[PDB]
Amino acid sequence: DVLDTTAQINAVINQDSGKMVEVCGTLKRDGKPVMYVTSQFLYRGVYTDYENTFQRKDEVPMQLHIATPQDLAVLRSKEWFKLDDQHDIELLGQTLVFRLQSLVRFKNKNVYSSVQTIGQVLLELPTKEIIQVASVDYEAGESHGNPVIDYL
Amino acid sequence: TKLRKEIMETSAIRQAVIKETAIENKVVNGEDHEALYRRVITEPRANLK
Amino acid sequence: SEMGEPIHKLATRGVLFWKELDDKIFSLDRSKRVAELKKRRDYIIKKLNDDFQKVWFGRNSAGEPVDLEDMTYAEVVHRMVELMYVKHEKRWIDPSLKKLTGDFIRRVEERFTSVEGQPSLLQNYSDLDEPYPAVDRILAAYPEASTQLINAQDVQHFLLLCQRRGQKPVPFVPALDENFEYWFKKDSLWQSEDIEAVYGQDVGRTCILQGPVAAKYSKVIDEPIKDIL
Amino acid sequence: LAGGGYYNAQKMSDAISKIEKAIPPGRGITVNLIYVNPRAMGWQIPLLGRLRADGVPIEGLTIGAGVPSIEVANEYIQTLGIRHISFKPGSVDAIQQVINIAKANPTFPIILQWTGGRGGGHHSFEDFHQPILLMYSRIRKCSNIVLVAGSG
Amino acid sequence: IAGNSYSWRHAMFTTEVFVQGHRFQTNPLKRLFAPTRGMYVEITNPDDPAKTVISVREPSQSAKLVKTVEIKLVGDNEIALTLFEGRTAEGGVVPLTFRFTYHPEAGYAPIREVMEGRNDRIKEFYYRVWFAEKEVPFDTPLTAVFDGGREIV
Amino acid sequence: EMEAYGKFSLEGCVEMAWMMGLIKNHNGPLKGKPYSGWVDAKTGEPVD
């Protein structure tokens, strides 16, 4: 085998024990990724270099069921909810899939200095079609939680 | 029955959204921040002049 | 002491009266204490008012000393400010004591409102930063608060507010109750370190600790320590 | 450093790490804890011990008003990584206490700050001279002791 | 190993507190110079302070005693605490060194440690011991993707 | 109050409720945390 070793830093956050680094590796072979070796390391000790701490989590796939014009009216009323010019399929009856990604930067181990969530809102048709009925874009700084995930 | 709906429906949405955006603030700002910035309505007592 | 232990203090006017009470008041069993305080009430009140770290929180609008129970709601909110906010420095002796005065204010509000909905005129304690200016405004929206005295209930409330956990001990004396000891000799040092706070700002009524023999060995003030050593 | 004016765990670890940063690098800090305040001294002691383990320059502890029990001191000595320990006795037998605390750890610095009746604030009813004049011999016969005259 | 002469070599094996910034730290020489099954300690030019050199030799795994630690001076007071790790990426004994100033000014903490670069300096070490390349990508952004290279099993 | 106005003010309720013995003034610890003011005579609880 011939394997091409690619890696990037998925997160470096300073826990209490020390400071930690998350390494996501991808071993490719014949141009195609074969297995991802993730890994965490611990520079143990006391750290306050919060200027460079951050994380890219893949938010848990979630399933939101619109059932009332009240429900839909709120899912639209959201700032971060951006409906698409695909089809005007009544989002009323069906349910939606929210597969999101997000990046957070820390300041206090308790308070995110800034957070951004991007994702794709999916709908499955009766035909088993998967469409990007919309997408998710939200970002704020000095946040204590993720208002998008929470809603979901 | 149409008019019945629309009215109840728009009010529902309207006051629902409020609760939503109210919750959003408790997440972003934290319990402490949002708490300490709410109109403190005084509760009446009784003084016997 | 607080704990009941012996102490060496600069025998100031205050510390002298404190010694007196050690002997006439704090000498008697917990019970018979209140009795004696009532027989010498106004004598202990003069000595408080005149030359002690802590004053008698008793004065009326006309500047004369009265019973806490004879104070008006206004006079109290005002007297709280007078005794916890140093005018010529524009600071509270501690953020907690600001909160105190602020809370009781809120109380006086509630006592004098009788319909629901009306919000507070003190929505954030940020207002009491420059207090004497804004306090008069709040007290203004509640007319009678200057007309009638504290509801006997509110007196008790006031008094429990001056004891709450997580607050600088009150800078005065609320009454000659069963806790007159706690009121009098709790937290007495801090005032020696910041005399600008003290009533009238004289050390005469303050607790400064000194050995009996190391008092002669000091003759120059404000000597750098690098030097002395 | 008079620990008896630090009610809050945060304000003590604060003003302590203000001192570490304004000091002839290598200088040790000495905190003075009141023994008849076992409430506040409850958090203070494992606070110091915890600080030292992080690097904070505390190598000296002083226990005032009351002489700890033999095993009460033994903990302090071998728990919080201090280099010296200082007791303030006030009576003839209070001294003998300290001596035994010393015989307990014949390999450890025990500064025996002796105070007399004429001290500031909390003062015994003892005379400066006759207690020392009576004990001196025994005190000396323990090498760990640093007989430090004080008061007046 | 301290001797009777009030030297820097005496203060290195006396003070258990090495000052670093405003922190104390346990004298690493305590763990380094703790008795071992067949260790060797030499003191070259013993009574000549500025020229004294201290070295240690412990038995390798199945081999004869090898060079492990060394302490000497440089640029006046800067003491060189050096470690020598045999097995590396380049099959050659790579050295790691911590630098220390020494101001007998203050008798309590005669020894301090040279801070600046310590992180980078040590990282360099590892890099050389892992890939045998002394040149180590410092300024590379963390957004960066990292190449490990082609590889045949 | 009754003869003239026809019902009790909040001030009147508290007065009646006091003499009827439905509320008594309490001033001391109540389930640990201290407290002062009106208390339900039956249920030792406090009352606003």
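Residues numbered from 1 in each chain as written, not as in the entry; some residues may be left out. Chains lettered and ligands numbered in written order. Part of a larger assembly, values for the part shown. Heavy atoms only, no water.

The record lists X-ray crystallography as the method behind this PDB entry and 3.1 Å as its resolution.

Okay, the sheet that holds strand β5 (residues 94–100) of chain E next. Residues and elements named next belong to chain E. Spatially, β1-β2-β3-β4-β5 is the arrangement adopted by the five strands of the open sheet, whose pairing is antiparallel. Lying at the two open borders of the sheet, with one neighbouring strand each, are β1 (40–44) and β5. Strand-to-strand twist across the sheet, computed as the mean angle between neighbouring axes with direction ignored, equals 15°. When strand β4 (residues 78–85) meets β5, the two strands line up antiparallel, connected through seven bridges. Bridging from a neighbouring strand, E85 pairs with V94 of β5. (Pairing = 2+ DSSP bridges. Helix = DSSP H or I, 4+ residues; strand = E, 2+ residues; numbered from the N terminus. Axes fitted to C-alpha atoms, helices over the stretch in contact; angles between N-to-C directions.)

Taken residue by residue, the interface counts 19 residues in chain C and 14 residues in chain B. Of the roughly 1400 Å² buried between chain C and chain B, counting both surfaces, carbon and sulfur atoms make up 45%. On the chain C side of the contact with chain B, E110, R111 and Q123 of chain C bury the most area, a combined 33% of that side's loss. For the pair chain C and chain B, the number of links is two salt bridges. Of the charged contacts, one joins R45 of chain B and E110 of chain C as a salt bridge, the two residues approaching to 2.9 Å between their closest N and O atoms. Remark: the boundary between chain C and chain B carries eight residue pairs in polar contact. (Contact = heavy atoms within 4.5 Å. Buried area = accessible area lost by both parts, 1.4 Å probe. Salt bridge = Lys/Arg side-chain N within 4 Å of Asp/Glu carboxyl O. Polar contact = N/O pair within 3.5 Å; in protein donor to acceptor, adjacent residues only side chain to side chain.)

Residue and element names in this part refer to chain C. Where helix α4 (residues 73–84) meets helix α5 (residues 95–112), the closest approach of the two axes is 10 Å, and the angle between their N-to-C directions is 175°. In terms of axis orientation, α4 runs roughly antiparallel to α5. Side by side, α4 and α5 meet where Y73, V76, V77, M80, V81 and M84 of the first sit next to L97, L100, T101, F104, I105, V108, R111 and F112 of the second. Among the residues forming the contact of α4 with α5, the class breakdown is 12 nonpolar, one polar and one charged. (Parallel < 35°, antiparallel > 145°, perpendicular 65-115°, else oblique. Nonpolar A, V, L, I, M, F, W, Y, C, P; charged D, E, K, R; others polar.)

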